[PDB]
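Summary of the model geometry
Read off the chains here:
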Amino acid sequence: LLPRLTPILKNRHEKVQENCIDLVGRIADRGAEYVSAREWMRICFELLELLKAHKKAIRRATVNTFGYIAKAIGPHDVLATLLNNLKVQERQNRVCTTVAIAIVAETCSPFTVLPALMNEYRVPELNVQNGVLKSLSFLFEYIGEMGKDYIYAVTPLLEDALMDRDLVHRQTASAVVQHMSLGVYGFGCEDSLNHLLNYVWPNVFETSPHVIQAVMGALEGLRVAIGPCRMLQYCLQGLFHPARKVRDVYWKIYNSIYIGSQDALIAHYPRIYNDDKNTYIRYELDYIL
Amino acid sequence: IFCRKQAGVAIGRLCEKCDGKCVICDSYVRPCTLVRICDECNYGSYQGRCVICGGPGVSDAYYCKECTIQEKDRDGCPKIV
Amino acid sequence: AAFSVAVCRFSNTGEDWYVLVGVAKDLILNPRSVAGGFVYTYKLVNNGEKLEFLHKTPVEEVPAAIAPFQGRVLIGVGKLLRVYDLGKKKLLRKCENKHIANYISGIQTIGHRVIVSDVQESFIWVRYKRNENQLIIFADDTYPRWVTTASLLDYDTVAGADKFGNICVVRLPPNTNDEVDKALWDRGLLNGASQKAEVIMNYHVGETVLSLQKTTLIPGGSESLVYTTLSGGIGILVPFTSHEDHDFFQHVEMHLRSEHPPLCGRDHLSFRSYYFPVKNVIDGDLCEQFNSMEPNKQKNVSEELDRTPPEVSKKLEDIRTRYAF
Amino acid sequence: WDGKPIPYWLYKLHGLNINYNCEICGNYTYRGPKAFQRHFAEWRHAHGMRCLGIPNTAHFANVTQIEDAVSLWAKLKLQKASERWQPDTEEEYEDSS
Amino acid sequence: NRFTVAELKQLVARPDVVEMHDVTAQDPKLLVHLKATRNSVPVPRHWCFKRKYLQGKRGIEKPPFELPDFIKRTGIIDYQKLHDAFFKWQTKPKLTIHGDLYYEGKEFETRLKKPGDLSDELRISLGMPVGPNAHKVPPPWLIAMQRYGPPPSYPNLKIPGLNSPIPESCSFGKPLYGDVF
Amino acid sequence: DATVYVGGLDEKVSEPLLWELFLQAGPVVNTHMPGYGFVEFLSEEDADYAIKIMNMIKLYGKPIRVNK
Amino acid sequence: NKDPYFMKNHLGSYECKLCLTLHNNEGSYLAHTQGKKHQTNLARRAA
Amino acid sequence: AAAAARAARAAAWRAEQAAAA
Amino acid sequence: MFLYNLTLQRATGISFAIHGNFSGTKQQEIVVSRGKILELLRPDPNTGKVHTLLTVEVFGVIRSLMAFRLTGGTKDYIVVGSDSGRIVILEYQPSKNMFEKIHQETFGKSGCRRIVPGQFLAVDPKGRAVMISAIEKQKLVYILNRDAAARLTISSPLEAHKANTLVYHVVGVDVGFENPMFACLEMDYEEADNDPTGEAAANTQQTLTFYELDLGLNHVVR
Amino acid sequence: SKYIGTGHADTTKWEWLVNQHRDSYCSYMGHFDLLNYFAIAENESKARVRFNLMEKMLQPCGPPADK
RNA sequence: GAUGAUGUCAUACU
RNA sequence: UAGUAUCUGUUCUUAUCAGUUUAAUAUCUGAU
Ligand SMILES: *C[C@]1(O)C[C@@](C)(OC)O[C@H](/C=C/C(C)=C/C[C@@H]2O[C@H](C)[C@H](NC(=O)/C=C\[C@H](C)OC(C)=O)C[C@@H]2C)[C@H]1O
Ligand SMILES: [Zn+2]
Ligand SMILES: [Zn+2]
Ligand SMILES: [Zn+2]
Ligand SMILES: [Zn+2]
Ligand SMILES: [Zn+2]
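Quick look at the structure, then. (Residues numbered from 1 in each chain as written, not as in the entry; some residues may be left out. Chains lettered and ligands numbered in written order. Part of a larger assembly, values for the part shown. Heavy atoms only, no water. Residues with missing side-chain atoms left out of burial classes, pairs and counts.)

1. What about the overall build of chain I?
- What chain I contains, in helices and strands, is two helices and 18 strands.
- Seen through its C-alpha atoms, chain I measures out along the principal axes to roughly 60 × 55 × 35 Å.
- The buried share among the 222 residues of chain I stands at 57%.
- Residue pairs at least 24 apart in sequence account for 42% of intrachain contacts in chain I once pairs closer than 6 positions are excluded.
- Entry remark: accessible area of chain I is about 8,800 Å², with carbon and sulfur atoms responsible for 48%.
- For chain I, the distance from the average position of its 23 positive side-chain charges to the average position of its 24 negative side-chain charges is 9 Å. (Helix = DSSP H or I, 4+ residues; strand = E, 2+ residues; numbered from the N terminus. Buried < 20%, exposed > 50% of the residue type's maximum accessible area, 1.4 Å probe, protein only. Contact = heavy atoms within 4.5 Å. Areas by Shrake-Rupley, 256 points an atom, 1.4 Å probe, with all protein chains shown as cover. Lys, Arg positive; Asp, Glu negative; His and termini not counted. Charge placed at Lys NZ, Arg CZ, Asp CG, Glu CD.)

2. Quick notes on the coordination of the zinc ion (ligand 2)
- Within the protein, the zinc ion (ligand 2) binds to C3 of chain B (SG), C38 of chain B (SG), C41 of chain B (SG) and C77 of chain B (SG); these donor distances fall in the range 2.3 Å.
- Here the zinc ion (ligand 2) binds four donor atoms, and the angle range of 91 to 116 degrees at the metal identifies the geometry as tetrahedral. (Donors = N, O, S within 2.8 Å, 3.2 Å for Na, K, Ca; no water. Tetrahedral: all angles 85-135°; square planar, octahedral: opposite > 155°, others 65-115°.)

3. Observations regarding the pattern of salt bridges
Residues and elements named next belong to chain C.
- Considering all chains together, one arrives at 57 salt bridges over all chains under this definition.
- Of the charged contacts, one joins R113 and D156 as a salt bridge, the two residues approaching to 2.8 Å between their closest N and O atoms. Pair noted here: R113 is in strand β10 (residues 113-118) and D156 is in the loop between β13 (150-152) and β14 (157-161), with a separation of 43 residues, a long-range link. In this pair, the class of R113 matches that of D156, namely buried. (Salt bridge = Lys/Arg side-chain N within 4 Å of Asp/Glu carboxyl O.)

4. Remarks on the interface of chain E and chain A
- The partner chain A presents 55 residues to the 48 residues of chain E that form the contact.
- At the boundary of chain E with chain A, total buried surface from both sides reaches about 4,800 Å², with 68% on carbon and sulfur atoms.
- Joining chain E to chain A, the criterion identifies one salt bridge.
- Notably, a salt bridge pairs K62 of chain E with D160 of chain A, separated by 3.2 Å at the nearest N-O pair.
- If you look at where chain E meets chain A, you find 14 residue pairs in polar contact.
- Sorting the residues of the side of chain E that touches chain A by element identifies α2 (28-35) and α4 (79-87) of chain E as the ones contributing at least two each.
- Grouping the constituent residues of the side of chain E that touches chain A by class yields 26 nonpolar, twelve polar and ten charged. (Buried area = accessible area lost by both parts, 1.4 Å probe. Polar contact = N/O pair within 3.5 Å; in protein donor to acceptor, adjacent residues only side chain to side chain. Nonpolar A, V, L, I, M, F, W, Y, C, P; charged D, E, K, R; others polar.)

5. A short note on empty space enclosed by the protein
- Looking at the largest cavity, its volume works out to about 280 Å³.
- As for the largest cavity, its lining consists of 20 residues, and the residues nearest its centre are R223, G260 and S261 of chain A, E71 of chain B together with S273 of chain C.
- Considered class by class, the residues forming the lining of the largest cavity number seven nonpolar, eight polar and five charged.
- Considered as a void within the structure, the second largest cavity measures approximately 140 Å³ in volume.
- Lining the second largest cavity are 14 residues; nearest its centre among them are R165 of chain A, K57, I60 and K62 of chain E together with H10 of chain G. (1 Å grid on protein atoms, 1.4 Å probe; cavity = no way out; pocket = protein on both sides within 12 Å on 5 of 7 lines; lining within 4 Å. Points joined across faces, edges and corners; volume = space filled by probe spheres on them.)

6. Things to note about the interface of chain A and chain B
- Contacts between the two partners involve 18 residues from chain A, matched on the other side by 14 residues from chain B.
- Between chain A and chain B, the buried area comes to about 1,300 Å², and carbon and sulfur atoms account for 48% of it.
- Among the residues of chain A in contact with chain B, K56, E141 and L182 of chain A are the three that bury the most area, contributing 40% of the side total.
- The interface formed by chain A and chain B includes zero salt bridges.
- For the pair chain A and chain B, the number of links is four residue pairs in polar contact.
- Put simply, the parts of the chain that give the side of chain A that touches chain B at least two residues each are α4 (56-72), α8 (127-143), α10 (167-183) and α12 (209-226) of chain A.

7. So, the packing of aromatic side chains
- Tallied over the entire structure, the rule returns 45 aromatic pairs over all chains.
- Residues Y150 of chain A and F87 of chain E carry aromatic rings whose centres are separated by 6.4 Å and whose planes lie at 85 degrees to one another, so their mutual orientation is edge-to-face. Note that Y150 of chain A is positioned in the loop between α8 and α9 (151-162) and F87 of chain E in helix α4, a pairing that runs across two chains.
- Ring centres of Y269 of chain A and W16 of chain J lie 6.4 Å apart, and the angle between their planes is 90 degrees; this geometry places the pair in the edge-to-face category. With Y269 of chain A in the segment after α14 (244-260) and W16 of chain J in helix α1 (residues 13-30), this residue pair bridges two chains.
- For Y269 of chain A, a relative accessible area of 1% gives the class buried.
- In this structure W16 of chain J comes out as buried when scored by relative accessible area, which is 1%.
- We note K79 of chain B situated over the ring of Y46 of chain B; from NZ or CZ to the ring centre the distance is 5.0 Å. (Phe/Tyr/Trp six-rings, centres within 6.5 Å; stacked < 30°, edge-to-face > 60°. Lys NZ or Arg CZ within 6 Å of the ring centre and 35° of its normal.)

8. Topic: the sheet that holds strand β17 (residues 209-215) of chain C
- Here we have five strands laid out as an open sheet, ordered β17(C)-β18(C)-β19(C)-β1(I)-β20(C), and mixed in their pairing. Every interior strand has two partners, whereas the edge strands, β17 and β20 (281-283) of chain C, have only one. This sheet shows a mean twist of 25 degrees between the axes of neighbouring strands, independent of strand direction.
- When β17 of chain C meets strand β18 (residues 224-229) of chain C, the two strands line up antiparallel, connected through six bridges. Counterpart to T215 of chain C in the pairing with β18 of chain C is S224 of chain C.
- The sheet strands contacting helix α2 (residues 243-258) of chain C are β20 of chain C together with β1 (3-9) of chain I, and the helix crosses β20 of chain C at an angle near 45 degrees. (Pairing = 2+ DSSP bridges. Axes fitted to C-alpha atoms, helices over the stretch in contact; angles between N-to-C directions.)

9. Examining the coordination of the zinc ion (ligand 4)
Residues and elements named next belong to chain B.
- Protein ligation of the zinc ion (ligand 4) involves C22 (SG), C25 (SG), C64 (SG) and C67 (SG), the donor distances falling in the range 2.3 Å.
- Because the angles between the four donor atoms bound to the zinc ion (ligand 4) fall within 101 to 114 degrees, the donor set is best described as tetrahedral.
- In primary sequence terms, the donor set of the zinc ion (ligand 4) follows C-x2-C-x38-C-x2-C. With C22 in the loop between β2 (13-14) and β3 (31-34) and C64 in strand β6 (residues 62-64), this pair connects stretches of sequence that are 42 residues apart.
- The exposure class assigned to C22 is buried, which follows from its relative accessible area of 1%.

10. Things to note about the protein's contact with RNA strand L
- Close to RNA strand L lie 27 residues, the nearest being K12 and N17 of chain D, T24 of chain E together with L22 and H32 of chain G.
- Take the atoms of RNA strand L that sit within 4 Å of the protein: sugar and phosphate atoms are 72% of them.
- In the environment of RNA strand L, a phosphate oxygen lies 3.3 Å from a nitrogen or oxygen atom belonging to the side chain of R2 of chain E.
- Within the side chain of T24 of chain E, an N or O atom sits 2.6 Å from a sugar or linking oxygen of RNA strand L.
- Residue assignment for the surface near RNA strand L shows that the elements contributing at least two residues are α1 (8-14) of chain D together with β3 (21-23), α1 (26-33) and α2 (36-46) of chain G. (Near = heavy atom within 4 Å.)

11. Notes on helix α3 (residues 46-56) of chain J
- For α3 of chain J, every residue scored as buried is listed here: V49, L53 and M54 of chain J. Along α3 of chain J, the residues classed as buried sweep out an arc of 135 degrees about the axis, all on the same side. (Arc of directions from axis to C-beta.)

12. Notes on the site of ligand 1
- With respect to spatial proximity, 13 residues lie near ligand 1, and among them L51 and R59 of chain A together with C18, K21 and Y28 of chain B are the closest.
- Near ligand 1, the surrounding residues belong to chains A and B.
- The contact in question runs from a nitrogen atom of ligand 1 to an N or O atom on the backbone of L51 of chain A, over 3.4 Å.
- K21 of chain B is positioned such that a nitrogen or oxygen atom in its side chain is 3.1 Å from an oxygen atom of ligand 1.
- Bound to the protein, ligand 1 loses 71% of the 820 Å² it would expose on its own.
- Among the secondary structure elements, those contributing two or more residues to the shell around ligand 1 are α4, α6 (93-107) and α8 of chain A.
- Class assignment of the residues belonging to the shell around ligand 1 gives a composition of nine nonpolar, no polar and four charged.

13. Concerning unusual backbone geometry
- Note the cis peptide between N30 of chain C and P31 of chain C, where omega equals -5 degrees.
- With respect to the secondary-structure elements, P31 of chain C resides in the loop between β2 (18-23) and β3 (38-42).
- Its identity is not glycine, yet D26 of chain B carries a phi of approximately 70 degrees, on the positive side.
- Here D26 of chain B is to be found in the loop between β2 and β3.
- Of the residues examined, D26 of chain B reaches a relative accessible area of 47% and is grouped as partly exposed.
- Phi is positive for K67 of chain J, close to 60 degrees, though the residue is something other than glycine.
- Checked against the element boundaries, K67 of chain J lands in the segment after α3.
- Since its relative accessible area comes to 90%, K67 of chain J is described here as exposed.

Next up, the structure:
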């Protein structure tokens, strides 16, 4: 039945595509015994391109079916093919490959993906490292809460990437930090994110718009995950810094924190003493029964 | 580039090209909260149109899970002008 | 205006129980302008049934926290942490520390360590040596918390509350050298001590907590952290005894966050992460709404847990009955 | 200007056109702000603070005048003696009941 | 209108955090007071630099990537070994406190660094064999630590021949609440 | 001088090796490798004790001439 | 080449430790070698 | 190569998934 | 160390209390706000006792609470302004003994903020319109009506905003069957912000403001 | 920028702390238990406390400074 | 030990 | 397609103050 279904995947009509992909997915879910691994790899290769379809139903079916196949067959061979694709593409379908890696991580277990993914990161070709970082960013954004047991595992690579000389690395690593912090929000990963915050913070004076944009997105995700009090603690020194550029940056960050966390900041403002003209002490909070 | 007026009872829509996309952050992962738009952006011939391109709407627009976590669904009508 | 009270013995005096009452003199709250302070001492005569006025030691600030300490007493006079000993006509200041930031509101004591609550800053750990009579600050926590009260769990872990309606639990990390001892060259990490206390729990109650206690309400159960709130409510915090129970209740709380949203439209996760993010607690106020939820929604929630809704209700009642009720 | 003459853009970029005088270094003139903040931990300012009886901690960085340095040292020593708890405890100074 | 840095250090109660540029702010007293706030991590230094915070880290070569030891122990075909690596040997890496930012020379600075016993390579460079002996495994600097008494900066360490016995020197020298199980 | 300059130590001896060698006499607050080296300890008396102790330490035929 | 200053970093480019410089390919490094900076740095290292 | 051991790797993955469940 | 939170006794202090026919019958019931807990109480007319019919933990600060009844209707709905940034209209179902979220209109960010409304709440006595309002700058009017199926329809919020203005208290005006009017006490703090002499704060007098709402013209006029 | 209480590189200390105090007062009037605490400290009704905080909203830090 | 700024270069990546 | 980055080349009196501006330089404008 299945080899007969294999040539139908290149049909251009969305109904045939959706139905055949769903059929292949159910076959891979509950009856993959009777099909060899090579045929499933062929199906995966044909399926990879359909992740960028305009119709959301075919994309959803493709995600489900790729997940079923990845759950059915081992992770190693399909993951090896995907990492090979990741290194040899450097084009638009690389993000397709990135989505497929995330699907494998969400459907199968991520401890079957992270070792091989990080060992491939040691090759010094740079563009492969940017691909690994983008794959990690989308992987964490896609798996969400499931990533809570893998923050420590990817913490050293992120330390390396956030301090690397290449600024594209900093931007994509900040994207990883944002997706991570938003995915593990409320599950006790405050210390690892605080550590990564110490590497994300010094890039707030970067001039490239896509980079400072990624930094601000990382800072907003970190405001959600670690809390506004820590972000305000990082902010208070430069709010009235002599340099106007420092004041611009830090007041932008303060504006983001304040818009996101106005009522919480009440508990986090520093003690500002009175002077000879004005009263700056919030005396009500100094009441003790 | 965002309208950012006070949203009302009108439900934002997406076209067939962007079905499932988050209007704030462009992510396709985990839609969460239904999009509401201002009344002016849904008035007259504008009803049911895509909140990104103004073309025909075929599905309901959603904020992604990350945007609702960061309360980016409370900033006003996200119709792009 | 009395603001603190304690009962203690003394080393120079015999088995008499002394009641020390801290009193602010002519304190105006807004703006804050205190005219001094006093500490009354009473001998608690007639077997805990009568107070006799023995003496009254004047102090400069409000003695807002009085605590017994190794046969002597600890008084928080404003931002001053004073080890006092009972004298004949007054109280003898035997030691003093003044590295406390703003204003002492509470003093805890277990072993040699003294845990001091600031009115705005967090808990400060003080190592007291009986030799050399020194109150050496060796640890603190890196969050401004308007702490109402504190409590002790063991030698390393301190629970505490907030003026805004939060409960935090902080713990000293392992292998911290407590035998620390010029002051100009030596500096802390960030305007404090060289060692910092990590937070291992944070949870927004929503109603301001003014009392915490590690007790056991029913005999034969197990110890738990009881808090009482200013809105009239009493709650409890229960440690998890296994990984599988924690995983199950985590999944139950995750499902009841989505399939049973709160009535006012507030996100429950963001409500419990109001001032500081939620950490290492599972809110059973939402998990106990599983029994009041609709039965089709009950089995729809419980089918992902691979358990019947009677089994989920049995586990929810078992975590309430194996601890205090 | 070391050995061969430095380029004039290097001269303007480092800030060597602006000179700072330190009285603690015997009215020494330092060219460039980075070298001026570099000399405060160096041996010359350390010896100048040794001649003034000042331990030369980080409190006295960016301090040039002699009178300002000794006034800062007096204030710092006063607040350090206030912060330190000298053994001035009381032991029954009114021996009556 | 601007006062001097010495005048600002005189007026404020925290003259340690006052820099040269702090007098040029719109409100210098509020600036030094906010720098005297407790848990505020320092502003990154490269606001005053001119090299974009990492463009100087060029010539010092680095290893390409180090792996965590639990993953490295897998030889990266048995996925149970990988489950054990990610769930039974997954040690927490050395994290940092919130007050410790990053700069150019942070990687190459070695403040992370055990008194009374040097390393095996350090003892080999000092001409000392590694072992439990009390004749050559203590350093030659410990000979002065026996002659002139123990060093005052290590009071809890007992020197062999001065504060520790020679045959006893084999290296030349509350329960938690709420825990699971 | 709270920082002791150790001359006679070649560049083959590592800065962590020098920090570990001076670490026995006391906790080295700072280290610098200029040929020679510099080690700044917590206290001046600890630095003087380290200079008196490690002066006879002829590490690989090189004495650590430590002076304030 | 055989010079110790030329190296391949962890990033796929080529780096001259003598000049603290990054070059995309071999031709950029050889054009840098004929430049003023590399000649002056070799003259400084000649002493 | 990997193609000869692909069936063995798939069998090992199925055995691991049976043992994990 | 992982913990688990429980509530042995809920909060018992009362922030707000309203009365009306929330069960739809002839007897009147009280809705009280215990802070983060909304309770429905039944004062018995015979024995004189008070029975707590329902307690619901709403997991948020209830900053305002006011009940309204539509024209000709026999049931009272509960309008809840909270720290969620949403205005929630609830109806008590006596059959299931629970509160049903009839309406939940999102207008602002979450938290007790200075300009996101929820602190102040007003209804029209005929139940035609409600007005949620913050302390500062921001008043929203929701016009409420019915369809043919006797349900509740809430309109889009009509902005009656006025920057640099403090709201002391808002309430509806029983004008009758005319255009619904809302009464506010307002302070104009803009003159005292830019006056360093301090004389403006001594002369910043309060304003009683009547905001009329024309239902046909669909806008709010001062 | 249109949200009251936000700031910029030219924000003065007086305006920043006035924003802080007004935000704090509105937060007290929102959070029932904060106002409860404040009404237990003094011996005033909750309505009186609300009135006092509202009167404080006009100039919570006093008149501003020149320049 | 402080490497910035610019273009006629020339070379790489989007 | 037109944006960025990296090499090469250039990078402005070892003669003095004031003003705009700058965190400070730098730049620009006048006088010796
Ligand atoms: C509104 C638009 O911006 C208009 C237009 C013309 O913009 C250029 O077209 C946009 C559509 C872009 C599409 C469809 C891009 C394809 C992308 O493919 C990559 C691989 C990503 N794929 C996924 O994330 C796939 C699956 C996910 C995990 O699951 C689901 C259910 O989505 C993202 C894009 C789809 C249009 O938006
Ligand atoms: Zn709009
Ligand atoms: Zn569209
Ligand atoms: Zn989004
Ligand atoms: Zn000097
Ligand atoms: Zn070179």
